[PDB]
Amino acid sequence: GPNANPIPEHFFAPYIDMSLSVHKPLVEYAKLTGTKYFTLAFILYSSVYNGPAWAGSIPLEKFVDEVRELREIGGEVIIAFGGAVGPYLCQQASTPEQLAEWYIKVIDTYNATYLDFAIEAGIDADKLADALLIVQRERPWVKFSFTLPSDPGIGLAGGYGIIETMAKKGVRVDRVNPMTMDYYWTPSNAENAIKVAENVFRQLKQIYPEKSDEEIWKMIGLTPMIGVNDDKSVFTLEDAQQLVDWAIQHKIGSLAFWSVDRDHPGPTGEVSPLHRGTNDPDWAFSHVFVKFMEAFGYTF
Ligand SMILES: [Mg+2]
């Protein structure tokens, strides 16, 4: 369309922390990473603006021009809410109507076609669902993704209840995107990411028993944390390659990772927003994950 582009059927849209002072133009990241799709993170409640803002108080509209320029090369974005720290819009809003108004302001500012709810903290899932019923009614072209903590012993944790609530309420669930990271008791590697994927497959089959195997895999995305994780385990470049190959074979809907600005070498094991604590060259993980899209027709 004139102000929005198609996202491929099998896509890779890694997270960019928009609040970092190192932030490059989106078009520059496209050139460097090889992907022209990104998940922009995170919108939170700003007390200063009494509404949505990046990391809870950078002006909402700051990146409109960057998104326009990315769209000029055929790129597109997913706008993400939430993340590790609150206050989330869905926590601060007193009513689902207020919450939907805020989500719609974000959609309208960016002409967004896809939203991501990265729900890590405790929330009122009923209020969220009620808000999203309003959003999908008013903005019926906007897809919803849910990015949620996971563990290779269980699949989704409390986030399972969120998806259950969505499905019951009749809220569209376009993507379920477990965060395959930070288990603490077992390492963040490809084997464990695949176990999470399999568990989530079973979880979604329970909610949507009428869906085919291929329909369920299409709903699933996986998001590792590249290189060193918060628990000192390391999701390696070999893990990336193994996961990409598995993802291609299973024809899953999407991959992402935390994060674009971490895709640089750094001192071994150091946790940073600016590098991944491994020795792989700049953009090495990005280039491996792009192979997922390339299997299914993508070229850039
Ligand atoms: Mg929120």
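A short reminder: the numbers here are calculations on the coordinates, not readings from a lab. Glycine also receives a Cβ, built like all others from the backbone with ideal geometry; neighbour counts cover every protein chain displayed.
Note on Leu32 and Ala55: the model spin-label points, each 7 Å out from Cα along the C-beta direction, lie 1.7 nm apart.
What percent do you get for the relative contact order of the stretch 57-152 when only Cα pairs under 8 Å and 6+ apart count?
Values: 105 pairs, mean separation 30.4, N = 96.
Reported as a whole number, the value is 32 percent.
Using C-alpha pairs below 8 Å separated by at least 6 residues, the relative contact order for the stretch 209-284 is 31 percent. Spin-label model, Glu9 to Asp213: label points 7 Å out along the Cα-to-beta-carbon direction sit 1.8 nm apart.
Give me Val290, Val244, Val48 ranked fewest to most by other Cβ atoms within 10 Å of their Cβ, as a rough exposure proxy. Before the final figure, lay out the partial values.
Working: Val290 20, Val244 23, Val48 11.
Going from least to most buried by this count: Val48, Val290, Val244.
For the peptides 72-81, 11-20, residues were scored by their other Cβ atoms within 10 Å and the scores averaged per peptide; the highest-first order is 11-20, 72-81. Put the Cα centre of the stretch 212-241 next to the Cα centre of the stretch 69-141 and the gap is 23 Å. Placing unit charges on the Cβ atoms only, positive for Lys and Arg and negative for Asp and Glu, gives the stretch 66-129 a dipole magnitude near 40 debye about its Cα centre.
DSSP bridge analysis restricted to the chain gives an antiparallel fraction near 20%, rounded to the nearest 5. For each pair in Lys211/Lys232; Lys105/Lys205; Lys168/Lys218, compute the distance between the two Cα atoms and list the pairs where it is over 29 Å. Table pairs above 29 Å Cα-Cα are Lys211/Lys232; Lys105/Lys205. Of the chymotrypsin sites (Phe, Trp or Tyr not before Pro) found in the stretch 82-177, those that fall in a DSSP loop while having at most 12 other beta-carbon atoms within 10 Å are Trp141. Between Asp282 and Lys168, the simple label model (points 7 Å from Cα in the Cβ direction) yields a spacing of 5.0 nm.
If you average 1/r over all unlike Cα pairs in the chain and invert the result, what Kirkwood radius do you get in angstrom? Walk me through the numbers before you get to the answer.
Details: mean 1/r = 0.0524 Å⁻¹.
Radius from the Kirkwood sum: 19.1 Å.
The amide H of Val176, built 1.01 Å from its N in the peptide plane, has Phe146, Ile220, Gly221 as neighbours under 5 Å, considering only residues 5 or more places off or on other chains. Dividing the mean sequence gap of close Cα pairs (under 8 Å, 6+ apart) by how many residues the chain holds gives a relative contact order of 17 percent.
For the chain, a crude dipole built from +1 on the beta carbon of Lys and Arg and -1 on the beta carbon of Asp and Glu, taken about the Cα centre, is about 480 debye to the nearest 20. If the label point is 7 Å along Cα→Cβ of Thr299, which residues in the stretch 60-100 have backbone nitrogen under 16 Å from it? Zone members listed by number: 74.
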